[PDB]
Every structure is written in C-alpha cells, then in structure tokens.
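Everything below belongs to entry16.pdb, which stores PDB, C-alpha atoms (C1' of nucleotides).
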MODEL        1
ATOM      1  CA  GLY K 151     -80.900 -59.221  46.579  1.00  0.00           C
ATOM      2  CA  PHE K 152     -77.820 -59.065  48.819  1.00  0.00           C
ATOM      3  CA  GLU K 153     -76.321 -61.742  51.110  1.00  0.00           C
ATOM      4  CA  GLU K 154     -76.105 -60.782  54.820  1.00  0.00           C
ATOM      5  CA  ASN K 155     -73.849 -62.287  57.528  1.00  0.00           C
ATOM      6  CA  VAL K 156     -72.568 -61.330  61.007  1.00  0.00           C
ATOM      7  CA  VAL K 157     -68.923 -60.989  62.114  1.00  0.00           C
ATOM      8  CA  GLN K 158     -68.922 -60.402  65.903  1.00  0.00           C
ATOM      9  CA  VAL K 159     -71.589 -59.520  68.495  1.00  0.00           C
ATOM     10  CA  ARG K 160     -69.668 -57.422  71.058  1.00  0.00           C
ATOM     11  CA  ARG K 161     -70.793 -56.941  74.678  1.00  0.00           C
ATOM     12  CA  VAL K 162     -70.355 -53.303  75.762  1.00  0.00           C
ATOM     13  CA  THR K 163     -71.621 -52.281  79.227  1.00  0.00           C
ATOM     14  CA  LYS K 164     -71.377 -49.166  81.420  1.00  0.00           C
ATOM     15  CA  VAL K 165     -72.007 -49.003  85.179  1.00  0.00           C
ATOM     16  CA  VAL K 166     -74.052 -46.194  86.745  1.00  0.00           C
ATOM     17  CA  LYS K 167     -75.438 -45.888  90.317  1.00  0.00           C
ATOM     18  CA  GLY K 168     -78.805 -46.806  88.799  1.00  0.00           C
ATOM     19  CA  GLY K 169     -77.672 -50.320  87.883  1.00  0.00           C
ATOM     20  CA  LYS K 170     -75.933 -52.266  85.109  1.00  0.00           C
ATOM     21  CA  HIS K 171     -77.250 -51.754  81.554  1.00  0.00           C
ATOM     22  CA  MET K 172     -75.930 -52.687  78.090  1.00  0.00           C
ATOM     23  CA  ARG K 173     -76.240 -51.445  74.493  1.00  0.00           C
ATOM     24  CA  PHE K 174     -75.254 -54.336  72.149  1.00  0.00           C
ATOM     25  CA  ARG K 175     -73.116 -53.751  69.030  1.00  0.00           C
ATOM     26  CA  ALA K 176     -72.919 -55.858  65.835  1.00  0.00           C
ATOM     27  CA  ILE K 177     -70.933 -55.718  62.561  1.00  0.00           C
ATOM     28  CA  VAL K 178     -72.838 -56.813  59.406  1.00  0.00           C
ATOM     29  CA  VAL K 179     -71.331 -56.992  55.882  1.00  0.00           C
ATOM     30  CA  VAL K 180     -73.296 -57.022  52.585  1.00  0.00           C
ATOM     31  CA  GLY K 181     -72.465 -58.279  49.081  1.00  0.00           C
ATOM     32  CA  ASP K 182     -73.615 -59.653  45.718  1.00  0.00           C
ATOM     33  CA  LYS K 183     -70.364 -61.518  44.771  1.00  0.00           C
ATOM     34  CA  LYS K 184     -69.831 -59.282  41.696  1.00  0.00           C
ATOM     35  CA  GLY K 185     -67.438 -56.852  43.387  1.00  0.00           C
ATOM     36  CA  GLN K 186     -69.391 -54.719  45.868  1.00  0.00           C
ATOM     37  CA  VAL K 187     -69.004 -54.607  49.684  1.00  0.00           C
ATOM     38  CA  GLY K 188     -70.013 -52.414  52.619  1.00  0.00           C
ATOM     39  CA  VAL K 189     -69.425 -52.640  56.377  1.00  0.00           C
ATOM     40  CA  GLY K 190     -71.803 -51.220  58.973  1.00  0.00           C
ATOM     41  CA  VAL K 191     -71.672 -50.717  62.735  1.00  0.00           C
ATOM     42  CA  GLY K 192     -74.919 -50.279  64.660  1.00  0.00           C
ATOM     43  CA  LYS K 193     -75.598 -49.941  68.385  1.00  0.00           C
ATOM     44  CA  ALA K 194     -78.950 -50.600  70.110  1.00  0.00           C
ATOM     45  CA  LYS K 195     -80.483 -51.935  73.366  1.00  0.00           C
ATOM     46  CA  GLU K 196     -81.289 -55.449  72.065  1.00  0.00           C
ATOM     47  CA  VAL K 197     -79.381 -58.071  70.018  1.00  0.00           C
ATOM     48  CA  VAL K 198     -81.870 -58.277  67.102  1.00  0.00           C
ATOM     49  CA  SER K 199     -82.105 -54.469  66.735  1.00  0.00           C
ATOM     50  CA  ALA K 200     -78.285 -54.148  66.641  1.00  0.00           C
ATOM     51  CA  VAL K 201     -78.065 -56.471  63.602  1.00  0.00           C
ATOM     52  CA  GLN K 202     -80.924 -54.604  61.847  1.00  0.00           C
ATOM     53  CA  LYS K 203     -79.395 -51.091  62.151  1.00  0.00           C
ATOM     54  CA  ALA K 204     -75.966 -52.382  61.070  1.00  0.00           C
ATOM     55  CA  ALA K 205     -77.562 -53.821  57.904  1.00  0.00           C
ATOM     56  CA  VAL K 206     -79.056 -50.429  56.923  1.00  0.00           C
ATOM     57  CA  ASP K 207     -75.676 -48.727  57.550  1.00  0.00           C
ATOM     58  CA  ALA K 208     -74.002 -51.410  55.385  1.00  0.00           C
ATOM     59  CA  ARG K 209     -76.080 -50.696  52.255  1.00  0.00           C
ATOM     60  CA  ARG K 210     -75.354 -46.956  52.649  1.00  0.00           C
ATOM     61  CA  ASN K 211     -71.525 -47.098  52.638  1.00  0.00           C
ATOM     62  CA  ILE K 212     -71.250 -48.896  49.276  1.00  0.00           C
ATOM     63  CA  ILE K 213     -67.822 -49.149  47.618  1.00  0.00           C
ATOM     64  CA  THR K 214     -66.938 -50.883  44.335  1.00  0.00           C
ATOM     65  CA  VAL K 215     -64.111 -53.462  44.310  1.00  0.00           C
ATOM     66  CA  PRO K 216     -62.101 -53.292  41.021  1.00  0.00           C
ATOM     67  CA  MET K 217     -61.209 -57.022  40.961  1.00  0.00           C
ATOM     68  CA  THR K 218     -63.288 -58.248  37.931  1.00  0.00           C
ATOM     69  CA  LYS K 219     -60.532 -60.703  36.827  1.00  0.00           C
ATOM     70  CA  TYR K 220     -60.108 -64.497  37.249  1.00  0.00           C
ATOM     71  CA  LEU K 221     -61.516 -64.593  40.831  1.00  0.00           C
ATOM     72  CA  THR K 222     -58.448 -62.880  42.385  1.00  0.00           C
ATOM     73  CA  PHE K 223     -56.880 -59.537  43.451  1.00  0.00           C
ATOM     74  CA  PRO K 224     -54.992 -57.245  40.976  1.00  0.00           C
ATOM     75  CA  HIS K 225     -51.856 -56.578  43.097  1.00  0.00           C
ATOM     76  CA  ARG K 226     -50.111 -56.557  46.516  1.00  0.00           C
ATOM     77  CA  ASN K 227     -51.297 -53.987  49.087  1.00  0.00           C
ATOM     78  CA  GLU K 228     -50.403 -53.230  52.720  1.00  0.00           C
ATOM     79  CA  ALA K 229     -52.539 -50.795  54.737  1.00  0.00           C
ATOM     80  CA  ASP K 230     -52.490 -49.800  58.408  1.00  0.00           C
ATOM     81  CA  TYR K 231     -55.530 -48.309  60.165  1.00  0.00           C
ATOM     82  CA  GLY K 232     -54.541 -47.470  63.736  1.00  0.00           C
ATOM     83  CA  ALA K 233     -52.886 -50.442  65.447  1.00  0.00           C
ATOM     84  CA  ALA K 234     -54.303 -53.042  63.028  1.00  0.00           C
ATOM     85  CA  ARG K 235     -52.383 -53.991  59.863  1.00  0.00           C
ATOM     86  CA  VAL K 236     -53.627 -56.357  57.120  1.00  0.00           C
ATOM     87  CA  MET K 237     -51.699 -57.522  54.022  1.00  0.00           C
ATOM     88  CA  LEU K 238     -53.624 -58.677  50.917  1.00  0.00           C
ATOM     89  CA  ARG K 239     -51.775 -60.658  48.213  1.00  0.00           C
ATOM     90  CA  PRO K 240     -53.018 -62.157  44.870  1.00  0.00           C
ATOM     91  CA  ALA K 241     -53.261 -65.910  44.193  1.00  0.00           C
ATOM     92  CA  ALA K 242     -53.603 -68.552  41.451  1.00  0.00           C
ATOM     93  CA  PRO K 243     -57.064 -69.962  40.365  1.00  0.00           C
ATOM     94  CA  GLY K 244     -56.855 -72.904  42.791  1.00  0.00           C
ATOM     95  CA  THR K 245     -56.242 -71.435  46.264  1.00  0.00           C
ATOM     96  CA  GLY K 246     -59.036 -70.730  48.755  1.00  0.00           C
ATOM     97  CA  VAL K 247     -59.694 -67.586  50.811  1.00  0.00           C
ATOM     98  CA  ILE K 248     -57.053 -68.170  53.518  1.00  0.00           C
ATOM     99  CA  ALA K 249     -57.698 -64.943  55.432  1.00  0.00           C
ATOM    100  CA  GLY K 250     -58.731 -63.971  58.994  1.00  0.00           C
ATOM    101  CA  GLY K 251     -61.999 -64.530  60.872  1.00  0.00           C
ATOM    102  CA  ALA K 252     -63.018 -60.923  60.202  1.00  0.00           C
ATOM    103  CA  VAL K 253     -61.191 -60.665  56.854  1.00  0.00           C
ATOM    104  CA  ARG K 254     -62.720 -63.734  55.091  1.00  0.00           C
ATOM    105  CA  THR K 255     -66.215 -62.433  55.989  1.00  0.00           C
ATOM    106  CA  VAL K 256     -65.646 -59.323  53.813  1.00  0.00           C
ATOM    107  CA  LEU K 257     -63.740 -61.110  51.003  1.00  0.00           C
ATOM    108  CA  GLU K 258     -66.357 -63.798  50.188  1.00  0.00           C
ATOM    109  CA  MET K 259     -68.743 -60.921  49.407  1.00  0.00           C
ATOM    110  CA  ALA K 260     -66.176 -59.119  47.206  1.00  0.00           C
ATOM    111  CA  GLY K 261     -66.060 -61.991  44.713  1.00  0.00           C
ATOM    112  CA  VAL K 262     -62.412 -62.867  45.426  1.00  0.00           C
ATOM    113  CA  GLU K 263     -62.364 -66.665  45.730  1.00  0.00           C
ATOM    114  CA  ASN K 264     -58.545 -66.850  45.537  1.00  0.00           C
ATOM    115  CA  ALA K 265     -56.701 -64.766  48.174  1.00  0.00           C
ATOM    116  CA  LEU K 266     -53.987 -65.073  50.840  1.00  0.00           C
ATOM    117  CA  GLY K 267     -53.432 -62.772  53.813  1.00  0.00           C
ATOM    118  CA  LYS K 268     -52.060 -62.189  57.318  1.00  0.00           C
ATOM    119  CA  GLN K 269     -53.409 -60.599  60.519  1.00  0.00           C
ATOM    120  CA  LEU K 270     -50.732 -58.300  62.009  1.00  0.00           C
ATOM    121  CA  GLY K 271     -50.751 -55.951  65.007  1.00  0.00           C
ATOM    122  CA  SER K 272     -54.090 -55.801  66.834  1.00  0.00           C
ATOM    123  CA  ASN K 273     -56.517 -58.724  66.424  1.00  0.00           C
ATOM    124  CA  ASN K 274     -59.696 -56.685  67.069  1.00  0.00           C
ATOM    125  CA  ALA K 275     -62.674 -57.609  64.826  1.00  0.00           C
ATOM    126  CA  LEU K 276     -63.769 -53.944  64.581  1.00  0.00           C
ATOM    127  CA  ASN K 277     -60.430 -52.450  63.465  1.00  0.00           C
ATOM    128  CA  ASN K 278     -59.463 -55.355  61.163  1.00  0.00           C
ATOM    129  CA  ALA K 279     -62.784 -55.541  59.271  1.00  0.00           C
ATOM    130  CA  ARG K 280     -62.494 -51.834  58.401  1.00  0.00           C
ATOM    131  CA  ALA K 281     -58.735 -51.989  57.656  1.00  0.00           C
ATOM    132  CA  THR K 282     -59.506 -54.382  54.787  1.00  0.00           C
ATOM    133  CA  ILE K 283     -62.000 -51.836  53.406  1.00  0.00           C
ATOM    134  CA  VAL K 284     -59.293 -49.118  53.255  1.00  0.00           C
ATOM    135  CA  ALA K 285     -57.007 -51.735  51.636  1.00  0.00           C
ATOM    136  CA  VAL K 286     -59.636 -52.620  49.004  1.00  0.00           C
ATOM    137  CA  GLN K 287     -60.430 -48.951  48.181  1.00  0.00           C
ATOM    138  CA  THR K 288     -56.819 -48.241  47.166  1.00  0.00           C
ATOM    139  CA  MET K 289     -56.781 -51.139  44.651  1.00  0.00           C
ATOM    140  CA  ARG K 290     -55.720 -50.288  41.085  1.00  0.00           C
ATOM    141  CA  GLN K 291     -56.096 -52.159  37.763  1.00  0.00           C
ATOM    142  CA  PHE K 292     -53.897 -52.048  34.588  1.00  0.00           C
ATOM    143  CA  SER K 293     -56.273 -49.607  32.835  1.00  0.00           C
ATOM    144  CA  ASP K 294     -56.824 -47.108  35.681  1.00  0.00           C
ATOM    145  CA  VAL K 295     -53.086 -46.829  36.527  1.00  0.00           C
ATOM    146  CA  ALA K 296     -52.368 -45.265  33.104  1.00  0.00           C
ATOM    147  CA  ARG K 297     -55.464 -43.034  33.421  1.00  0.00           C
ATOM    148  CA  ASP K 298     -54.343 -41.885  36.902  1.00  0.00           C
ATOM    149  CA  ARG K 299     -50.836 -41.390  35.485  1.00  0.00           C
ATOM    150  CA  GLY K 300     -50.412 -38.183  33.498  1.00  0.00           C
ATOM    151  CA  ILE K 301     -48.602 -39.261  30.326  1.00  0.00           C
ATOM    152  CA  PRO K 302     -47.279 -36.560  27.880  1.00  0.00           C
ATOM    153  CA  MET K 303     -48.667 -35.758  24.389  1.00  0.00           C
ATOM    154  CA  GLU K 304     -48.925 -39.153  22.663  1.00  0.00           C
ATOM    155  CA  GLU K 305     -50.526 -39.952  19.265  1.00  0.00           C
ATOM    156  CA  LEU K 306     -54.309 -39.397  19.448  1.00  0.00           C
ATOM    157  CA  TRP K 307     -56.668 -42.025  18.008  1.00  0.00           C
ATOM    158  CA  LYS K 308     -60.205 -41.442  16.654  1.00  0.00           C
TER     159      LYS K 308
ATOM    160  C1'   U X   1     -48.649 -72.037  43.449  1.00  0.00           C
ATOM    161  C1'   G X   2     -47.310 -69.595  48.983  1.00  0.00           C
ATOM    162  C1'   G X   3     -48.467 -66.585  54.424  1.00  0.00           C
ATOM    163  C1'   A X   4     -57.112 -67.962  58.157  1.00  0.00           C
ATOM    164  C1'   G X   5     -56.941 -67.571  64.413  1.00  0.00           C
ATOM    165  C1'   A X   6     -59.013 -67.526  68.997  1.00  0.00           C
ATOM    166  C1'   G X   7     -59.366 -67.051  74.818  1.00  0.00           C
ATOM    167  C1'   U X   8     -57.732 -64.176  79.063  1.00  0.00           C
ATOM    168  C1'   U X   9     -55.351 -58.489  82.397  1.00  0.00           C
ATOM    169  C1'   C X  10     -61.405 -53.850  82.520  1.00  0.00           C
ATOM    170  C1'   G X  11     -67.922 -51.714  84.422  1.00  0.00           C
ATOM    171  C1'   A X  12     -66.830 -51.518  79.599  1.00  0.00           C
ATOM    172  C1'   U X  13     -63.588 -49.440  75.115  1.00  0.00           C
ATOM    173  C1'   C X  14     -59.418 -49.004  72.225  1.00  0.00           C
ATOM    174  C1'   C X  15     -53.923 -49.984  72.590  1.00  0.00           C
ATOM    175  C1'   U X  16     -49.593 -52.213  74.653  1.00  0.00           C
ATOM    176  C1'   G X  17     -48.234 -56.917  76.411  1.00  0.00           C
ATOM    177  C1'   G X  18     -47.223 -61.849  78.829  1.00  0.00           C
ATOM    178  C1'   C X  19     -49.380 -66.342  79.160  1.00  0.00           C
ATOM    179  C1'   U X  20     -52.564 -70.444  76.809  1.00  0.00           C
ATOM    180  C1'   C X  21     -54.784 -73.370  72.909  1.00  0.00           C
ATOM    181  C1'   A X  22     -55.991 -75.258  67.474  1.00  0.00           C
ATOM    182  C1'   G X  23     -50.999 -77.716  63.494  1.00  0.00           C
ATOM    183  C1'   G X  24     -47.013 -80.676  61.960  1.00  0.00           C
ATOM    184  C1'   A X  25     -43.168 -83.541  63.588  1.00  0.00           C
ATOM    185  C1'   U X  26     -40.332 -87.069  67.033  1.00  0.00           C
ATOM    186  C1'   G X  27     -34.781 -93.424  65.688  1.00  0.00           C
ATOM    187  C1'   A X  28     -40.382 -91.998  71.658  1.00  0.00           C
ATOM    188  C1'   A X  29     -42.580 -94.052  76.482  1.00  0.00           C
ATOM    189  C1'   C X  30     -47.198 -94.987  79.186  1.00  0.00           C
ATOM    190  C1'   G X  31     -52.710 -96.208  79.466  1.00  0.00           C
ATOM    191  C1'   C X  32     -56.897 -98.659  76.751  1.00  0.00           C
ATOM    192  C1'   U X  33     -57.408-101.757  72.780  1.00  0.00           C
ATOM    193  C1'   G X  34     -55.560-104.964  69.064  1.00  0.00           C
ATOM    194  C1'   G X  35     -57.113-108.507  61.917  1.00  0.00           C
ATOM    195  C1'   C X  36     -53.181-109.018  58.493  1.00  0.00           C
ATOM    196  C1'   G X  37     -49.686-107.724  54.515  1.00  0.00           C
ATOM    197  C1'   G X  38     -45.612-104.471  51.991  1.00  0.00           C
ATOM    198  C1'   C X  39     -41.359-101.169  53.279  1.00  0.00           C
ATOM    199  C1'   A X  40     -38.435 -98.851  56.912  1.00  0.00           C
ATOM    200  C1'   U X  41     -36.782 -98.796  61.860  1.00  0.00           C
ATOM    201  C1'   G X  42     -35.276-100.429  66.938  1.00  0.00           C
ATOM    202  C1'   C X  43     -29.988 -98.675  74.619  1.00  0.00           C
ATOM    203  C1'   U X  44     -31.356 -92.067  72.077  1.00  0.00           C
ATOM    204  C1'   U X  45     -30.223 -93.560  79.948  1.00  0.00           C
ATOM    205  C1'   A X  46     -23.681 -96.880  82.214  1.00  0.00           C
ATOM    206  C1'   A X  47     -17.700 -95.827  76.421  1.00  0.00           C
ATOM    207  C1'   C X  48     -20.794 -99.752  82.297  1.00  0.00           C
ATOM    208  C1'   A X  49     -19.101-104.546  83.792  1.00  0.00           C
ATOM    209  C1'   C X  50     -19.451-109.065  80.370  1.00  0.00           C
ATOM    210  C1'   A X  51     -20.733-116.555  80.575  1.00  0.00           C
ATOM    211  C1'   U X  52     -20.675-118.896  75.858  1.00  0.00           C
ATOM    212  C1'   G X  53     -20.467-119.481  70.250  1.00  0.00           C
ATOM    213  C1'   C X  54     -19.070-116.954  66.113  1.00  0.00           C
ATOM    214  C1'   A X  55     -17.102-112.352  63.647  1.00  0.00           C
ATOM    215  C1'   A X  56      -9.855-113.960  58.938  1.00  0.00           C
ATOM    216  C1'   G X  57      -8.149-116.632  56.680  1.00  0.00           C
ATOM    217  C1'   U X  58      -6.294-118.445  52.498  1.00  0.00           C
ATOM    218  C1'   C X  59      -2.224-120.665  49.161  1.00  0.00           C
ATOM    219  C1'   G X  60       2.014-127.106  48.499  1.00  0.00           C
ATOM    220  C1'   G X  61       1.182-124.429  40.062  1.00  0.00           C
ATOM    221  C1'   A X  62       6.763-120.893  47.069  1.00  0.00           C
ATOM    222  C1'   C X  63       9.101-125.213  50.206  1.00  0.00           C
ATOM    223  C1'   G X  64      11.259-129.708  53.883  1.00  0.00           C
ATOM    224  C1'   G X  65       6.685-133.143  54.429  1.00  0.00           C
ATOM    225  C1'   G X  66       2.347-136.197  55.121  1.00  0.00           C
ATOM    226  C1'   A X  67      -0.198-136.687  61.328  1.00  0.00           C
ATOM    227  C1'   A X  68      -6.176-137.425  58.880  1.00  0.00           C
ATOM    228  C1'   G X  69      -9.692-139.112  54.363  1.00  0.00           C
ATOM    229  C1'   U X  70     -10.062-141.108  49.435  1.00  0.00           C
ATOM    230  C1'   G X  71      -7.410-144.063  44.954  1.00  0.00           C
ATOM    231  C1'   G X  72      -3.646-146.493  43.178  1.00  0.00           C
ATOM    232  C1'   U X  73      -0.231-149.147  44.837  1.00  0.00           C
ATOM    233  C1'   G X  74       1.533-143.356  45.658  1.00  0.00           C
ATOM    234  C1'   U X  75      -1.960-139.341  43.254  1.00  0.00           C
ATOM    235  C1'   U X  76      -5.486-136.259  44.730  1.00  0.00           C
ATOM    236  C1'   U X  77      -5.920-133.930  49.039  1.00  0.00           C
ATOM    237  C1'   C X  78      -4.019-132.109  53.366  1.00  0.00           C
TER     238        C X  78
ENDMDL
END

Would you mind giving the structure from this file in structure tokens?
Amino acid sequence: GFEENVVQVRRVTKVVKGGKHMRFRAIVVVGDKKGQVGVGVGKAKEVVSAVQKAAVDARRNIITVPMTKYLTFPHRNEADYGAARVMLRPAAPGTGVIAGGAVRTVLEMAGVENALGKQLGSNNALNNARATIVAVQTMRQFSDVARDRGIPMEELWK
RNA sequence: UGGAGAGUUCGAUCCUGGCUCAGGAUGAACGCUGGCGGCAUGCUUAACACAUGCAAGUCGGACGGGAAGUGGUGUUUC
C-alpha cells in the first residue's frame, strides 16, 4: 500500500544508419508517509513500460528516514552529488514543503510536511532527486548521535 | 517563523554557461473599460519664461494727530 508518482519523463534518443529510435526513461518515487522513501530509474522502449520498471526498482532501494518528530527535519544538512547541490533545513509546524520540483516529490513521501530548501548548481531532475536521498541518509537524531559517539566509562544502569 | 523553478546551445547525455520567463514594487504613462465611499498622493521632462489676485502685518495702555465710520457733544475707533 504505497503511493506512486512520476517526476520527469526524459526523451533520450540515439541515431544509427538504420534510423532514429528511442528508449524512454522515467523516475518514480514510492512512500507511505511514515518515513520511508526510494527512488528508481528504469529504461525501456515504451513510455508505460519505463514507469513500470522504475516502480519495481523503487521498492528495492528502500531507505528509512529518521524524522519521526513533529512533521519536520531533525537538523541542517548540505550534500553535493556531482554538480548538483541541495540544502535541507528544518521548519516550524506551520510552513509548507517549499522545495524544488524534483525535491518536493521525494519529501511528501518522507512524511516531512514542514521543510525549506534551495536548488543550487545543476538543475537536472535526475541528479537533484538522488542528491536529496544522500542528504536524507546522513540524517541524525538526538538519540543516535550519542550512540554513534563513543563516550568513556559512565555509570551503568540496570 | 525564513530560502519551490522552468525553457533554450546536442542525435542524445551529463557539465559549464549566457539569455528568457513565473514574483513584488513604482510619487508612473498608454489602450480598453468604468458604481461609490474612507485614507493617502499628484511637472519625477524647462531652476523655463510668467497676465491677474492673494501669500505680513500688527500696536495710539510709545507719540504729534484725526483724513473715514459710530456716540456724545468729543469718546470709542482709526
């Protein structure tokens, strides 16, 4: 029971001496609004078959988003994947999802209803939709920072 | 409590990169149209040249007076 939506249907064509043929590509993102996303890129001859294969690749690369709070992000994070750079900042329980055309499509599925961002560098829908995934994977919460951090011998509780 | 972009240079892709558009604003003009009210505002172009009227006068409890107007029969006022 996951929600499915398309980002961009790109037209990629190569010319041979045998004519002009194309293999359509589509980016589909999945989600259940509880804090679970997954992007998928699939290439096929037709438009309907390119959306189908990208939906099967989306439910395979499943990553958990550690948001769980009052419909917002835990902290500030800046990640750069290639030429594309996206900045994700937390917001108050009244702001909408003021993020990019390829960024808002992955954030509405993550459960984050309150978020503010910017689209820097390259404005390609392929490199920016995956740059937000690398930025959401490196997200830490108050409990897992202290568990990642190796504190010395403190007083042990039962 | 604050920070959404997209189109176009390729057969096509990913970069770089210029250009263009969506917004708000402006003591604005033009075109079409046009019911009022409240508040604000109005040569931003020649500090160009200007008819007319008006925009600084007021005091006689500062004086010699009294040409007008009003009383009394000489004081207001001027």

*6 Å contact set for stretch 220-234 of chain K, all atoms listed in the file, chain neighbours under 3 positions out, as a PyMOL selection string*: chain K and resi 217+237-240+262-264+271-272+278+281+285

*Check every residue of chain X for an atom within 10 Å of chain K, counting only C-alpha atoms (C1' of nucleotides), and provide those that qualify as a VMD selection string.*
chain X and resid 1 to 6 11 to 16

_Atom pair atom CA of residue K:184 / atom CA of residue K:198: separation (Å)_ =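 So the answer is 28.1 Å.
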
Build an axis-aligned box that encloses every atom of stretch 70-78 of chain X listed in the file, pad it by 5 Å on each side, and report its centre and edge lengths in Å to one decimal, as lines of an AutoDock Vina configuration file.
center_x = -4.3
center_y = -140.6
center_z = 48.3
size_x = 21.6
size_y = 27.0
size_z = 20.2

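Straight-line separation from atom CA of residue K:180 to atom CA of residue K:236: 20.2 Å.
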
*Which value, in Å to one decimal, gives the distance between atom CA of residue K:257 and atom CA of residue K:187?*
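Distance between the two atoms: 8.5 Å.
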
*Compare K:158, K:293, K:288, K:214 by their minimum atom-to-atom distance to residue K:175, counting only C-alpha atoms, and give me the closest one.*
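Ranked by minimum distance to residue K:175, first place goes to K:158.
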
*asked:* as number ranges by chain, please: the residues near stretch 43-59 of chain X (cut-off 12 Å, only C-alpha atoms (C1' of nucleotides), same-chain neighbours under 5 positions excluded).
replied: X: 26-28

Selection dump of the PyMOL selection byres ((chain X and resi 9) around 12), as a PDB file with C-alpha atoms (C1' of nucleotides), in the frame of the given file:
ATOM      1  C1'   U X   8     -57.732 -64.176  79.063  1.00  0.00           C
ATOM      2  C1'   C X  10     -61.405 -53.850  82.520  1.00  0.00           C
ATOM      3  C1'   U X  16     -49.593 -52.213  74.653  1.00  0.00           C
ATOM      4  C1'   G X  17     -48.234 -56.917  76.411  1.00  0.00           C
ATOM      5  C1'   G X  18     -47.223 -61.849  78.829  1.00  0.00           C
ATOM      6  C1'   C X  19     -49.380 -66.342  79.160  1.00  0.00           C
TER       7        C X  19
END

*Kindly indicate which residue among K:216, K:192, K:300, K:261 lies nearest to residue K:159, using all atoms listed in the file for the distances.*
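Closest candidate: K:192.
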
Hey, what comes out of the PyMOL selection byres ((chain K and resi 177) around 10) on this file? Could you write it as a PDB file with C-alpha atoms, in the coordinates of the input?
ATOM      1  CA  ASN K 155     -73.849 -62.287  57.528  1.00  0.00           C
ATOM      2  CA  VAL K 156     -72.568 -61.330  61.007  1.00  0.00           C
ATOM      3  CA  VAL K 157     -68.923 -60.989  62.114  1.00  0.00           C
ATOM      4  CA  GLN K 158     -68.922 -60.402  65.903  1.00  0.00           C
ATOM      5  CA  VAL K 159     -71.589 -59.520  68.495  1.00  0.00           C
ATOM      6  CA  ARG K 160     -69.668 -57.422  71.058  1.00  0.00           C
ATOM      7  CA  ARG K 175     -73.116 -53.751  69.030  1.00  0.00           C
ATOM      8  CA  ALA K 176     -72.919 -55.858  65.835  1.00  0.00           C
ATOM      9  CA  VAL K 178     -72.838 -56.813  59.406  1.00  0.00           C
ATOM     10  CA  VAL K 179     -71.331 -56.992  55.882  1.00  0.00           C
ATOM     11  CA  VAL K 189     -69.425 -52.640  56.377  1.00  0.00           C
ATOM     12  CA  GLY K 190     -71.803 -51.220  58.973  1.00  0.00           C
ATOM     13  CA  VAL K 191     -71.672 -50.717  62.735  1.00  0.00           C
ATOM     14  CA  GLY K 192     -74.919 -50.279  64.660  1.00  0.00           C
ATOM     15  CA  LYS K 193     -75.598 -49.941  68.385  1.00  0.00           C
ATOM     16  CA  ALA K 200     -78.285 -54.148  66.641  1.00  0.00           C
ATOM     17  CA  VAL K 201     -78.065 -56.471  63.602  1.00  0.00           C
ATOM     18  CA  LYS K 203     -79.395 -51.091  62.151  1.00  0.00           C
ATOM     19  CA  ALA K 204     -75.966 -52.382  61.070  1.00  0.00           C
ATOM     20  CA  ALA K 205     -77.562 -53.821  57.904  1.00  0.00           C
ATOM     21  CA  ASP K 207     -75.676 -48.727  57.550  1.00  0.00           C
ATOM     22  CA  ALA K 208     -74.002 -51.410  55.385  1.00  0.00           C
ATOM     23  CA  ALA K 252     -63.018 -60.923  60.202  1.00  0.00           C
ATOM     24  CA  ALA K 275     -62.674 -57.609  64.826  1.00  0.00           C
ATOM     25  CA  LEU K 276     -63.769 -53.944  64.581  1.00  0.00           C
ATOM     26  CA  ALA K 279     -62.784 -55.541  59.271  1.00  0.00           C
TER      27      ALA K 279
END

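Distances here use all atoms listed in the file; by that measure, the residue among K:195, K:212, K:174, K:181 closest to residue K:287 is K:212.
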